[PDB]
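> Just dropping this structure here.
Numbers and lists here come from the model and the stated rules, or from a named source; no laboratory instrument gave them. FYI the Cβ positions are ideal-geometry reconstructions off the backbone, even for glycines, and counts take in every protein chain you see.
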Amino acid sequence: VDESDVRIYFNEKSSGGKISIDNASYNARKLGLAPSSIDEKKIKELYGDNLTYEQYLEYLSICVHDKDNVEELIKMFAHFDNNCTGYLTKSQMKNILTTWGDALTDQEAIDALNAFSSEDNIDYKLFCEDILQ
Amino acid sequence: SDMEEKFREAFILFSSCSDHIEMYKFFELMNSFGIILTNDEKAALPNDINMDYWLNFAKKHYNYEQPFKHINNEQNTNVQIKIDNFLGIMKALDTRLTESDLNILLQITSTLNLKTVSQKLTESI
């Protein structure tokens, strides 16, 4: 965690004091936090889209997710591993990321797979390792 | 939002996210909506089935005005079958299920009709 950059990124993307959730998430991802639709909606039903630093800190905490590891994420990727090889097809891993949960478009997920590894058979174990970093 | 976005969802399930579904799993997929082809039509199908062909086949063959027409039989529709006798027809004929059978009756609820089953399955899909 970097305390200095937290404040810098706030005023940089602030507007009339308050910060929009889209920008708060942008800054969360800028640091190294991973906000999901669930974390995003929790703050929506409180002070609105735009919220001051007082409320922005409360959003920084909901984006932490300390209890995140290799087997806390693969609950969907192992669900489709009927082959029992560990290696999963790029395209198989692709459509999983487009249809359910966070709206990751074709190009978003497609390029993320090739960026990790060039090969079709990609292990969802080694995959968690680097995206979580 | 419509059937088009729901059809794609159903392919990634039966194929187990595979690009080219196995013929046998493709039939599971069509039936899950209320699609049954004639002996001739079931031979007209391609060798390797893909997402692109599945969705064309989806539009043409799926019932929209009455999603599940094939469940209606009006001698079998109006009639009431007991839960135990109904499972008797099911356990002898079964080509799929093992213990998810108890869960189908829960999706309906002692004496049941086919118009009740079809109505509940229209809300399931």
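> When the residues of the stretch B:7-24 are narrowed to those that are under 15 Å from residue B:125 (Cα atoms) and at the interface with another protein chain (Cβ under 10 Å from one of its Cβ atoms), which ends up surrounded by the most Cβ atoms within 10 Å (Cβ to Cβ)?
B:11
> Let me ask something else. Would you confirm whether or not the stretch B:60-75 contains a residue that is within 17 Å of residue B:3 (Cα to Cα), in contact with a helix residue (DSSP H, G or I) (Cβ under 8 Å, 6 or more places away or on another chain) and not in a loop (DSSP other than H, G, I, E, B)? Before you say what the answer is, go through the steps one by one.
Within the stretch B:60-75, the first condition is being within 17 Å of residue B:3 (Cα to Cα), and the residues that meet it are B:60-69.
After this cut, where a residue has to be in contact with a helix residue (DSSP H, G or I) (Cβ under 8 Å, 6 or more places away or on another chain) as well, the list is B:61-62, B:64, B:67-68.
So of that shortlist, the ones also not in a loop (DSSP other than H, G, I, E, B) come out as B:61.
So far as the stretch B:60-75 goes, yes, one or more of its residues are within 17 Å of residue B:3 (Cα to Cα), in contact with a helix residue (DSSP H, G or I) (Cβ under 8 Å, 6 or more places away or on another chain) and not in a loop (DSSP other than H, G, I, E, B).
> Outside the structural domain of residue A:33 (by CATH), of a type in the set (D, E, K, R) and within 14 Å of the chain's Cα centre (by Cα), is that true of residue A:106?
Details: outside the structural domain of residue A:33 (by CATH): yes; of a type in the set (D, E, K, R): yes; within 14 Å of the chain's Cα centre (by Cα): no.
Considered against the rule, which asks whether it is outside the structural domain of residue A:33 (by CATH), of a type in the set (D, E, K, R) and within 14 Å of the chain's Cα centre (by Cα), residue A:106 comes out as no.
So that you can scan it fast, the table gives a plain yes or no per residue for (1) of a type outside the set (D, E, K, R); (2) in contact with a helix residue (DSSP H, G or I) (Cβ under 9 Å, 6 or more places away or on another chain):
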residue	(1), (2)
A:19	yes, yes
A:27	yes, yes
A:36	yes, no
A:42	no, yes
A:46	yes, yes
A:52	yes, no
A:66	no, no
A:99	yes, yes
A:112	yes, yes
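> Would you say residue A:104 is under 21 Å from residue B:18 (Cβ atoms) and within 14 Å of chain B (Cβ to nearest Cβ)?
Numbers: under 21 Å from residue B:18 (Cβ atoms): yes; within 14 Å of chain B (Cβ to nearest Cβ): no.
For residue A:104, the condition - under 21 Å from residue B:18 (Cβ atoms) and within 14 Å of chain B (Cβ to nearest Cβ) - is not met.
> Follow-up. Given the condition within 14 Å of another protein chain (Cβ to nearest Cβ) and in a helix (DSSP H, G or I), answer yes or no: does some residue in the stretch A:73-90 qualify? Explain how you work it out, then say what you get.
Step one: filter the stretch A:73-90 for residues within 14 Å of another protein chain (Cβ to nearest Cβ), giving A:76-85, A:87-90.
Still in the running and in a helix (DSSP H, G or I): A:90.
Yes, the stretch A:73-90 contains at least one residue that is within 14 Å of another protein chain (Cβ to nearest Cβ) and in a helix (DSSP H, G or I).
> Sticking with this structure for a sec: What's the total number of residues in the stretch A:68-86 that are surrounded by 15 or more Cβ atoms within 10 Å (Cβ to Cβ) and out of contact with any helix residue (DSSP H, G or I) (no Cβ under 8 Å at 6 or more places or on another chain)?
So the count comes out to 0.
> Given the conditions (1) part of a helix (DSSP H, G or I); (2) away from chain B (no Cβ under 14 Å); (3) under 15 Å from the mean Cα position of the chain (by Cα); (4) not aromatic (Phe, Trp, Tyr), which single one is not true for residue A:54?
Condition (3) is where residue A:54 drops out.
> Restricting the search to the stretch A:1-36, which residues are assigned to a helix (DSSP H, G or I), of a type in the set (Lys, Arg) and surrounded by 14 or more Cβ atoms within 10 Å (Cβ to Cβ)?
Applying the first criterion (assigned to a helix (DSSP H, G or I)) to the stretch A:1-36 yields A:3-12, A:21-31.
Those left that are additionally of a type in the set (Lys, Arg): A:7, A:29-30.
Across the stretch A:1-36, the qualifying residue is only A:30.
> Also, quick follow-up: Looking at this structure, is residue A:56 of a type in the set (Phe, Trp, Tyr), outside the structural domain of residue A:132 (by CATH) and under 23 Å from residue A:1 (Cβ atoms)?
Details: of a type in the set (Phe, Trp, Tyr): yes; outside the structural domain of residue A:132 (by CATH): yes; under 23 Å from residue A:1 (Cβ atoms): yes.
Yes: the conditions hold for residue A:56.
> Considering each residue of the stretch B:29-39, count those that are more than 20 Å from residue B:119 (Cα to Cα) and either assigned to a helix (DSSP H, G or I) or within 14 Å of chain A (Cβ to nearest Cβ) (or both), and give that number. Spell out how you get there, then give the answer.
Kept after step one, since they are more than 20 Å from residue B:119 (Cα to Cα), are these residues of the stretch B:29-39: B:37-39.
So of that shortlist, the ones also either assigned to a helix (DSSP H, G or I) or within 14 Å of chain A (Cβ to nearest Cβ) (or both) come out as none.
Total meeting the criteria: 0.
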